[PDB]
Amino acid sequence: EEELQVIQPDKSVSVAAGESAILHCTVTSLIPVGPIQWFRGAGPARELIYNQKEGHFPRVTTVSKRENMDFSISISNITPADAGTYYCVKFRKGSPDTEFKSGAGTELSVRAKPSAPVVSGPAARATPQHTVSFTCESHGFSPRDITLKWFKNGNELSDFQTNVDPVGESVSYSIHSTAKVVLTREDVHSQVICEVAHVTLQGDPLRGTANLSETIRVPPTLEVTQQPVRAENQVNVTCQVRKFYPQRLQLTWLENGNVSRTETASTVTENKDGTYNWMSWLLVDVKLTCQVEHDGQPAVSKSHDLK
């Protein structure tokens, strides 16, 4: 009978997060007498995973009598934090029991899905033809390999920068990406999309969206005119506030620098591009000024004179 050998037939095992991992180990001899123990890591600070003779290991279960020679284990509910190299080790009986021979080790790698991509646009709004940044973020996947793409309404974008961290080794990875997007006057109904592809994903990439309606500001055009009034000594003066977004607009009517009336747009019409239209009118050497404050921005105004 040849001397006891500890045999770990698998150099590496790959498990999906949440599943059970099987770590195989068989010993060739029953002598010398002593327990088999499982560890993660070797040398300094190795972690006891299972002890055949005593203790509680709820996650550990035996995969196989006194002539038992198979010491394979199963570990339930795997997480990325279980990744590492596992060693099956034979000890000689004693108090305490001394180490005798170690298996060659089995590397356990764990597969985790990326989290749903979160897309954030800038803090303040911008007008058409401005460039704005969007950030995309996804965490906790392994392996490190991943693919990130950006789209604006279906067209893939190219102007972006991506980072995966750690650059070094870890159990889970994160991805962070920033894309530069040029706003047009048609973006109220537009959407920016960040999609990630990973092996743990059954064909369909995870997507994160951001609606440009939250980011765009389209300033109103003003137009002040005068209408025929039946009664004499009266003129209908109108201000048309057209094609604006969002719908937050305050309008003050002025008479030679004197506040005649203030108003908030309440019932607007909508255009095909998602912007709104509104109009205010009042019955009146004299100047009339239609003064507008759109979405908390600096007042703009058109002035008009009396017949």
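Numbering starts at 1 and runs along the sequence shown.
Per the record, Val284 and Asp285 are separated by 4 to 9 deposited residues that are missing from the model.
The modelled chain is continuous from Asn258 to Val259, since every residue of the deposited sequence in that stretch has coordinates. Relative to one another, 161 to 169 and 74 to 82 have unequal mean CA B-factors, and 74 to 82 is the one with the higher figure. When 294 to 302 is weighed against 16 to 24, 16 to 24 comes out higher, by mean CA B-factor as recorded in the entry. Sorting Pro143, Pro128, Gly208, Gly203 by the CA temperature factor given in the entry leaves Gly203 at the top.
Per the deposited coordinates, the residue with the largest Cα temperature factor out of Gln226, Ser174, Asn153, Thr221 is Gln226.
In the PDB entry, a CA B factor belonging to the middle third of its chain's modelled residues is recorded for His198.
Annotation for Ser102: CA B-factor lies in the middle third of the chain's modelled residues. When the CA B factors of the chain's modelled residues are split into thirds, the value for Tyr50 lands in the highest one. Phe57: CA B factor lies in the highest third for its chain, per the PDB record.
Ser133 sits in the lowest third of its chain by CA B factor, as recorded in the PDB entry.
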